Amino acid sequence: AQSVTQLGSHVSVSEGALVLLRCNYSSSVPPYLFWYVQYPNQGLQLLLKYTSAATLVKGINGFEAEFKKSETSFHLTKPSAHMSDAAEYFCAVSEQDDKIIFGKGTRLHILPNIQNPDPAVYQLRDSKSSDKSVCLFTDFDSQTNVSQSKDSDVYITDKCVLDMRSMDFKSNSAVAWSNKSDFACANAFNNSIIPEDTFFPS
């Protein structure tokens, strides 16, 4: 009868904006509630929990959650999204006086503030003396997204954000490649809607 619901397997937030991850529960009597965070290939870390004491529960790193009985909710918040907040978050609830049951999880994706976009498609050559290449689409802002390949012999990755600490600089990129010698970087991202000002060097 008792459950916990998180909707949206993947959610976005702009860098520096309010973080809000939603959790609702179905228990008739108020339960204990928990929020855990997980980084890739790591274990679970407790952020905060409601244990029938304070209703505004504070957590580590500026996280908070308010237990609201009348709308059966325990939403997790943080005032400002940082790149290091990128992780998967699980809401969980007590059940049957003997266990914790977990929500399905939500992965939080932080959209970096790219104030000087410089979209471009580059060709990169193998360090060894094959004439193998890959294609790198980089330096586009938040309004561009990368579509999957329409050709089973052309491989295209999801966009990935890197954070160069040395220059306090973040950028988006996707990589494409193909085992066809004729494949060209000018055409690699033709199934994606790319910026009209994308740089294509020759």
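Just so we're on the same page, rigid core means the largest C-alpha set that superposes within 1.5 Å between forms. Each residue number is its position in the shown sequence, starting from 1.
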query: Core-aligned, which moves more in 9 other deposited structures of this protein: 34-42 or 170-178, by CA RMS?
result: 34-42
- request: Name the stretch, 13-21 or 180-188, whose C-alpha atoms sit farther from the shown form on average in 9 other deposited structures of this protein, taking the rigid core as the superposition reference.
  value: 180-188
task: Going by the average Cα B-factor in the PDB entry, point out whether 151-159 or 30-38 comes out higher.
output: 151-159
statement: Per the PDB entry, mean CA B-factor is higher for 180-188 or 13-21, namely for 180-188
query: Whose CA atom has the top B-factor in the entry, of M164, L136, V57, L47?
result: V57
Peak C-alpha temperature factor (PDB record), options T77, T106, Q123, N116: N116
- request: Ordered by C-alpha B-factor within the chain, which third holds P195? Give me lowest, middle or highest, please.
  value: lowest
Chain third (lowest, middle, highest) by recorded CA B-factor, residue given as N61: highest
- prompt: Mind checking which third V146 falls in for C-alpha B-factor across the chain?
  reply: middle
query: With respect to C-alpha B-factor, does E71 fall in the lowest, middle or highest third of the chain as deposited?
result: highest
field: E95 - Cα temperature factor, lowest/middle/highest third of chain
entry: middle
